[PDB]
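Peer 1: part one of the complex, left exactly where it sits:
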Amino acid sequence: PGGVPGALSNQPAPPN
Amino acid sequence: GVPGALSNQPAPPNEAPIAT
Amino acid sequence: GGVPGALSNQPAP
Amino acid sequence: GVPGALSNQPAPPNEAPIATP
Amino acid sequence: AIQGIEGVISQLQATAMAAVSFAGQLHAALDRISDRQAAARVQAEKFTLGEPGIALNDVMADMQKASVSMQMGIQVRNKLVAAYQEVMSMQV
Amino acid sequence: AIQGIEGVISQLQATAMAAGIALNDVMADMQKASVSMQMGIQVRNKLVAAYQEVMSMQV
């Protein structure tokens, strides 16, 4: 499903 | 499975949670 | 389309 | 108009007086 | 011509009663290759012109494709000439 | 075809008795065709040479 490349998807995301 | 080998089943989605 | 490429000529000319 | 455009006219001289003439 | 239109209506009557080639294919291939090359050249000139929306990536890739197509045409011509020379050497 | 199915049943009786395009394909078929045409030319040349040698005889 892809997603945002780079910084946003390689930083620890919020739990929910 | 040996890394770099070939398998017919996909790897499971990996996640890195912050709090268990 | 909506976004011009980095290597394109000034979309703003 | 925009700084960095192209015009067919030279800019006016840049004078900066010390006192009002 | 008036007689030419007479011939056209005659061929239409022929079709009524009744009810592409190798040179054509070669001409079509040459036209396709030339059209691709002209399209790449026109896009390159448009980019060199400064007109917005034309990306250097597309220009360079299209020039690459045009070069590959030209080389394909050259190889086809080389073989075709070789085959013609071989046939004209056939003993009769 | 009806005659095609006739041929299929005939071959079955025979068995009873006995018991887009890429450069990779374009270039390969182009080369074959060249090879087959050269083979045909050479074989015909051999046949024609043999025939002319026979007819150039002296009886």
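Peer 2: Nice, thanks for sending it over. Numbers count the residues shown, from 1 in each chain, chains lettered A, B, ... in the order given.
Peer 1: so the helix or strand where residue E:60 lies versus helix F:23-55, what angle?
Peer 2: Residue E:60 belongs to helix E:56-88 when assigned by DSSP states H and E. Orientation check (axes from the mean of the first three to the mean of the last three C-alpha atoms, to 10 degrees): helix E:56-88 against helix F:23-55 gives 10 degrees.
Peer 1: any residue of helix E:56-88 up close to chain F?
Peer 2: Yes. With C-beta under 8 Å from any C-beta of the partner chain as the criterion, chain F is reached by helix E:56-88 at E:72, E:75, E:76, E:79, E:82, E:83, E:86, E:87. Heads up, the C-betas are built off the backbone N, CA and C, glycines and all.
Peer 1: Select only the buried ones of those in PyMOL?
Peer 2: The following PyMOL line selects those of these that are buried, judged by 16 or more other C-beta atoms under 10 Å in any protein chain shown:
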select buried, chain E and resi 76
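Peer 1: Just name the closest of the residues of helix E:56-88 next to chain F to residue B:14, please.
Peer 2: residue E:72 (45.2 Å; C-beta to C-beta).
Peer 1: Starting from residue B:13, give me the distance back to the closest one.
Peer 2: Relative to residue B:13, residue E:72 is positioned 44 Å away (C-beta to C-beta, to the nearest Å).
Peer 1: add one more, call it chain G:
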Amino acid sequence: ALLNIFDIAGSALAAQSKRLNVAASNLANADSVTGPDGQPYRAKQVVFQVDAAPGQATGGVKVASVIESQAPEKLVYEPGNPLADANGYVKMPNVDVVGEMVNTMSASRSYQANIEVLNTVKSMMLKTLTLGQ
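Peer 2: This next block brings in chain G, placed alongside the chains you saw above:
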């Protein structure tokens, strides 16, 4: 089917160029306060998808859409600037400079890799054209 590599790598080059352009636009406006509409500049990012029509196994990459980055707007206390909030909270873009610099470097490297792919593919096509000769 080496010709499809042209399309795949060209799409990849275009997508990486768009990503680099968006990252540079975010970086150059880290200090902006106002937009053309008066709204604060919102950091933007591209979305990468597999450029595969339904039924196509594997393709290149394509930019689906450009989306506003999800991050709190940087609040600055300057209730003297003509642009301000009810309590003087100027809203500045949420650009993370380190992220944008790393994104620029990554986009450049991926771009160069795709260029190498295209170069070697063209060399192979020429060979192949020199198959029997």
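Peer 1: quick check, the helix holding residue E:60 touching chain C?
Peer 2: Yes. Applying C-beta under 8 Å from any C-beta, one finds helix E:56-88 touching chain C at E:56, E:57.
Peer 1: Just the residues contacting stretch G:39-47, thanks.
Peer 2: For stretch G:39-47, contacts defined as C-beta atoms under 8 Å, 6 or more residues apart in numbering or on different chains pick out A:2-8, C:3, G:15, G:18-19, G:22, G:25-26, G:29, G:32-35, G:63-69, G:71, G:73, G:91-96.
Peer 1: ditto for stretch E:56-69
Peer 2: So stretch E:56-69 is in contact with C:5, C:7-8, E:33, E:36-37, E:39-41, E:43-44, E:47, G:6, G:9-10, G:13-14, G:17, G:118, G:122, G:125-126, going by C-beta under 8 Å, 6+ apart.
Peer 1: Buried ones among these?
Peer 2: Buried among the contacts of stretch E:56-69 by 16+ other C-beta under 10 Å: C:5, C:7-8, E:33, E:36-37, E:40, E:43-44, E:47, G:6, G:9-10, G:13-14, G:17, G:118, G:122, G:125.
Peer 1: Check which residues of stretch G:90-109 are buried.
Peer 2: Across stretch G:90-109, burial judged by 16+ other C-beta under 10 Å covers G:90-96, G:99-100, G:103-104, G:106-107.
Peer 1: attach chain H to the model above:
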Amino acid sequence: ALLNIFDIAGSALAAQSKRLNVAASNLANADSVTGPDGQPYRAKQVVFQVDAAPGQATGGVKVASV
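Peer 2: Just below you will find chain H, in place on the chains above:
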């Protein structure tokens, strides 16, 4: 004219140069009592706007006025 990345980054350089010039002029005139005529010097500010551009998603920085 310029490539899109060139234009964006060059506009960024020019905008930062303008901001630095405004800061330097303010720091020079920190103790000025009177200006060209007789009115006090007023600290200058530079306002950054994003070049709207046809793309909008990608655009550099312009400075409307000081």
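Peer 1: Could you re-examine the contacts of stretch G:39-47 with chain H now present?
Peer 2: With contact meaning C-beta under 8 Å, 6+ apart, stretch G:39-47 is reached by A:2-8, C:3, G:15, G:18-19, G:22, G:25-26, G:29, G:32-35, G:63-69, G:71, G:73, G:91-96, H:50, H:57.
Peer 1: One more: stretch E:70-80?
Peer 2: Applying C-beta under 8 Å, 6+ apart, the external contacts of stretch E:70-80 come out as E:29-30, E:33, E:37, F:23, F:27, F:30, F:34, G:125-126, G:129-130, G:133.
Peer 1: export it as PDB, just CAs?
Peer 2: Presented in PDB, the C-alpha positions along stretch E:70-80 are these (Å, rounded to 0.1, in the frame of the first residue of the first chain):
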ATOM      1  CA  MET E  70      18.000   4.200 -34.700                       C
ATOM      2  CA  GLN E  71      20.400   1.400 -33.900                       C
ATOM      3  CA  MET E  72      17.700  -1.200 -34.400                       C
ATOM      4  CA  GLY E  73      16.900   0.300 -37.800                       C
ATOM      5  CA  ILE E  74      20.500   0.300 -38.800                       C
ATOM      6  CA  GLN E  75      20.900  -3.400 -37.900                       C
ATOM      7  CA  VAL E  76      17.800  -4.300 -39.800                       C
ATOM      8  CA  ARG E  77      19.100  -2.500 -42.900                       C
ATOM      9  CA  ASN E  78      22.500  -4.200 -42.600                       C
ATOM     10  CA  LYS E  79      21.000  -7.700 -42.500                       C
ATOM     11  CA  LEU E  80      18.400  -6.900 -45.200                       C
END
